[PDB]
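Raw contents of model.cif, mmCIF, N, CA and C atoms:
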```
data_model
#
loop_
_atom_site.label_atom_id
_atom_site.label_comp_id
_atom_site.auth_asym_id
_atom_site.auth_seq_id
_atom_site.Cartn_x
_atom_site.Cartn_y
_atom_site.Cartn_z
N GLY Q 1 77.87 35.80 90.13
CA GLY Q 1 78.51 35.92 91.41
C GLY Q 1 78.39 34.78 92.41
N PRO Q 2 79.38 34.71 93.28
CA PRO Q 2 79.33 33.71 94.37
C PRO Q 2 78.32 34.07 95.44
N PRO Q 3 77.93 33.09 96.25
CA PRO Q 3 77.06 33.39 97.42
C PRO Q 3 77.70 34.42 98.32
N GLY Q 4 76.86 35.21 98.95
CA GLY Q 4 77.35 36.12 99.94
C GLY Q 4 77.93 35.44 101.16
N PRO Q 5 78.60 36.21 102.01
CA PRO Q 5 79.12 35.69 103.25
C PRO Q 5 77.97 35.32 104.21
N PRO Q 6 78.27 34.56 105.29
CA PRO Q 6 77.29 34.41 106.36
C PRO Q 6 76.92 35.78 106.89
N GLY Q 7 75.70 35.90 107.41
CA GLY Q 7 75.24 37.13 107.98
C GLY Q 7 75.96 37.45 109.29
N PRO Q 8 75.59 38.58 109.88
CA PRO Q 8 76.15 38.92 111.18
C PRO Q 8 75.76 37.90 112.24
N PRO Q 9 76.52 37.78 113.32
CA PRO Q 9 76.08 36.84 114.37
C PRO Q 9 74.71 37.22 114.96
N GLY Q 10 74.02 36.23 115.57
CA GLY Q 10 72.82 36.53 116.27
C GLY Q 10 73.08 37.35 117.51
N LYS Q 11 72.00 37.82 118.09
CA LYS Q 11 72.05 38.58 119.32
C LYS Q 11 72.48 37.71 120.51
N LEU Q 12 72.97 38.40 121.54
CA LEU Q 12 73.27 37.82 122.83
C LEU Q 12 72.09 37.04 123.33
N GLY Q 13 72.33 35.84 123.86
CA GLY Q 13 71.23 35.07 124.39
C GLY Q 13 70.60 35.73 125.63
N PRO Q 14 69.40 35.25 126.04
CA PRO Q 14 68.80 35.68 127.28
C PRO Q 14 69.66 35.36 128.50
N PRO Q 15 69.45 36.09 129.59
CA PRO Q 15 70.04 35.67 130.84
C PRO Q 15 69.59 34.26 131.23
N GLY Q 16 70.44 33.53 131.96
CA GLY Q 16 70.05 32.29 132.56
C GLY Q 16 68.89 32.43 133.56
N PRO Q 17 68.35 31.29 133.98
CA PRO Q 17 67.29 31.34 134.99
C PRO Q 17 67.89 31.67 136.38
N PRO Q 18 67.04 32.04 137.33
CA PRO Q 18 67.54 32.30 138.69
C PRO Q 18 68.24 31.07 139.26
N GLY Q 19 69.20 31.32 140.13
CA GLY Q 19 69.90 30.27 140.79
C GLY Q 19 69.11 29.52 141.83
N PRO Q 20 69.75 28.49 142.40
CA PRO Q 20 69.09 27.72 143.45
C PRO Q 20 68.80 28.56 144.70
N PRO Q 21 67.83 28.16 145.50
CA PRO Q 21 67.67 28.75 146.83
C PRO Q 21 68.97 28.60 147.64
N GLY Q 22 69.27 29.58 148.47
CA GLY Q 22 70.35 29.48 149.41
C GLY Q 22 70.05 28.46 150.49
N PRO Q 23 71.06 28.16 151.30
CA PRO Q 23 70.89 27.14 152.32
C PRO Q 23 70.15 27.68 153.55
N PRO Q 24 69.75 26.81 154.48
CA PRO Q 24 69.21 27.31 155.77
C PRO Q 24 70.11 28.22 156.55
N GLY Y 1 81.14 37.97 89.03
CA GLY Y 1 79.95 38.79 89.40
C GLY Y 1 80.17 39.28 90.81
N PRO Y 2 79.39 40.27 91.24
CA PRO Y 2 79.53 40.65 92.63
C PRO Y 2 79.12 39.51 93.56
N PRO Y 3 79.80 39.40 94.72
CA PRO Y 3 79.30 38.44 95.69
C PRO Y 3 77.89 38.84 96.04
N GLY Y 4 77.10 37.87 96.44
CA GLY Y 4 75.80 38.12 97.04
C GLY Y 4 75.94 38.92 98.31
N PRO Y 5 74.82 39.47 98.79
CA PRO Y 5 74.87 40.09 100.10
C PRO Y 5 75.08 39.16 101.24
N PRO Y 6 75.55 39.67 102.40
CA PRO Y 6 75.58 38.87 103.61
C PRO Y 6 74.19 38.27 103.87
N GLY Y 7 74.17 37.13 104.50
CA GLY Y 7 72.96 36.45 104.85
C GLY Y 7 72.23 37.15 106.00
N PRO Y 8 71.10 36.57 106.39
CA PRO Y 8 70.38 37.09 107.58
C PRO Y 8 71.23 36.95 108.87
N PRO Y 9 70.87 37.66 109.93
CA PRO Y 9 71.51 37.47 111.23
C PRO Y 9 71.37 36.01 111.66
N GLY Y 10 72.36 35.55 112.44
CA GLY Y 10 72.28 34.28 113.12
C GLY Y 10 71.14 34.14 114.12
N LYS Y 11 70.94 32.91 114.58
CA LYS Y 11 70.02 32.61 115.67
C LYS Y 11 70.38 33.38 116.93
N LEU Y 12 69.37 33.71 117.73
CA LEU Y 12 69.58 34.24 119.06
C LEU Y 12 70.48 33.28 119.82
N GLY Y 13 71.39 33.79 120.66
CA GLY Y 13 72.23 32.91 121.45
C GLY Y 13 71.46 32.08 122.48
N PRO Y 14 72.09 31.01 122.97
CA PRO Y 14 71.42 30.23 123.99
C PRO Y 14 71.26 30.99 125.31
N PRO Y 15 70.31 30.60 126.13
CA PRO Y 15 70.22 31.18 127.47
C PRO Y 15 71.53 31.01 128.26
N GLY Y 16 71.83 32.01 129.07
CA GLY Y 16 72.98 32.01 129.93
C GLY Y 16 73.00 30.91 130.96
N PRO Y 17 74.15 30.81 131.65
CA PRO Y 17 74.27 29.91 132.75
C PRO Y 17 73.24 30.19 133.87
N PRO Y 18 72.77 29.15 134.60
CA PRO Y 18 71.92 29.48 135.81
C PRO Y 18 72.66 30.39 136.79
N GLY Y 19 71.93 31.24 137.48
CA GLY Y 19 72.54 32.07 138.48
C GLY Y 19 73.11 31.34 139.66
N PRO Y 20 73.88 32.06 140.48
CA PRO Y 20 74.43 31.45 141.70
C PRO Y 20 73.35 31.18 142.74
N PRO Y 21 73.62 30.30 143.70
CA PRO Y 21 72.69 30.10 144.79
C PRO Y 21 72.44 31.39 145.60
N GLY Y 22 71.27 31.51 146.16
CA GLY Y 22 70.95 32.60 147.03
C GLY Y 22 71.78 32.66 148.32
N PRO Y 23 71.59 33.74 149.07
CA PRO Y 23 72.20 33.87 150.38
C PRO Y 23 71.58 32.93 151.41
N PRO Y 24 72.31 32.71 152.53
CA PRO Y 24 71.71 31.87 153.56
C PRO Y 24 70.39 32.47 154.11
N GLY B 1 75.48 37.45 93.20
CA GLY B 1 75.27 36.10 93.70
C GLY B 1 74.11 36.01 94.68
N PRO B 2 73.78 34.77 95.09
CA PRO B 2 72.75 34.59 96.07
C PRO B 2 73.07 35.22 97.40
N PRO B 3 72.02 35.57 98.19
CA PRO B 3 72.29 36.02 99.55
C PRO B 3 72.96 34.90 100.36
N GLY B 4 73.83 35.27 101.30
CA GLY B 4 74.54 34.32 102.08
C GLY B 4 73.71 33.55 103.06
N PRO B 5 74.34 32.56 103.72
CA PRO B 5 73.63 31.83 104.77
C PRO B 5 73.40 32.68 106.04
N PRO B 6 72.48 32.26 106.89
CA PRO B 6 72.34 32.92 108.19
C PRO B 6 73.65 32.89 108.93
N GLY B 7 73.87 33.95 109.71
CA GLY B 7 75.07 34.10 110.48
C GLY B 7 75.25 33.10 111.60
N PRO B 8 76.41 33.16 112.29
CA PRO B 8 76.61 32.30 113.46
C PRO B 8 75.65 32.59 114.59
N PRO B 9 75.39 31.58 115.39
CA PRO B 9 74.56 31.82 116.56
C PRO B 9 75.16 32.86 117.49
N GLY B 10 74.28 33.60 118.14
CA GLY B 10 74.72 34.55 119.16
C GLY B 10 75.41 33.89 120.33
N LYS B 11 76.15 34.74 121.03
CA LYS B 11 76.82 34.38 122.25
C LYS B 11 75.82 33.84 123.29
N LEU B 12 76.22 32.86 124.09
CA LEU B 12 75.41 32.44 125.22
C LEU B 12 75.18 33.68 126.12
N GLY B 13 74.03 33.74 126.76
CA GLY B 13 73.60 34.86 127.54
C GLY B 13 74.32 35.07 128.85
N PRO B 14 74.04 36.24 129.48
CA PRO B 14 74.59 36.48 130.83
C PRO B 14 74.14 35.41 131.86
N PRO B 15 74.90 35.30 132.96
CA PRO B 15 74.44 34.44 134.06
C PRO B 15 73.05 34.86 134.53
N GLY B 16 72.27 33.92 135.02
CA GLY B 16 71.02 34.26 135.58
C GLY B 16 71.14 34.99 136.91
N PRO B 17 69.99 35.53 137.39
CA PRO B 17 69.99 36.15 138.68
C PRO B 17 70.38 35.20 139.85
N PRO B 18 70.89 35.79 140.97
CA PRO B 18 71.10 34.96 142.15
C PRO B 18 69.79 34.39 142.67
N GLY B 19 69.87 33.20 143.27
CA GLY B 19 68.66 32.53 143.73
C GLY B 19 68.05 33.18 144.97
N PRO B 20 66.90 32.67 145.40
CA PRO B 20 66.20 33.21 146.57
C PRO B 20 67.00 32.92 147.86
N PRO B 21 66.82 33.70 148.94
CA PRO B 21 67.40 33.32 150.20
C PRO B 21 66.97 31.92 150.64
N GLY B 22 67.84 31.25 151.37
CA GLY B 22 67.36 30.11 152.15
C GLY B 22 66.36 30.50 153.28
N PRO B 23 65.76 29.51 153.94
CA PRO B 23 64.96 29.78 155.13
C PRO B 23 65.78 30.45 156.26
N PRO B 24 65.12 31.23 157.13
CA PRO B 24 65.85 32.02 158.12
C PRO B 24 66.74 31.14 159.01
#
```
Represent the structure of the file as structure tokens.
Amino acid sequence: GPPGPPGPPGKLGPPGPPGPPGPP
Amino acid sequence: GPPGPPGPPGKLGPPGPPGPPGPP
Amino acid sequence: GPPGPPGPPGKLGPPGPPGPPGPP
């Protein structure tokens, strides 16, 4: 037999880091 | 022959975009 | 056949949290 297909995709990545501080 | 099984899951996705700036 | 390759990478993650307030 041939190689199997690629597996399922990986999980959703983590959330991004917090945004910048707001202005004065 | 039968195809092989699907492979392992992919890598975890990359971290998301940084969040928006805070409030004033 | 052999097991397949690892799957595609996961989706990039959600946006990060909003940033901290600015100074008063």
6 Å per side around region 1-20 of chain Y: axis-aligned box centre and edge lengths, as AutoDock Vina command-line options:
```
--center_x 75.3 --center_y 34.9 --center_z 115.9 --size_x 23.8 --size_y 23.5 --size_z 65.7
```
If the PyMOL selection byres ((chain B and resi 12-23) around 6) is run on the structure shown, which residues does it catch, given as a PyMOL selection string?
-> (chain Q and resi 12-24) or (chain Y and resi 13-24) or (chain B and resi 10-11+24)
Residues returned when the PyMOL selection byres ((chain B and resi 5) around 6) runs on this file, as a PyMOL selection string = (chain Q and resi 4-7) or (chain Y and resi 6-8) or (chain B and resi 3-4+6-7)
Quote the spacing between atom C of residue 1 (chain B) and atom N of residue 9 (chain Y) in Å to one decimal place.
-> 15.7 Å
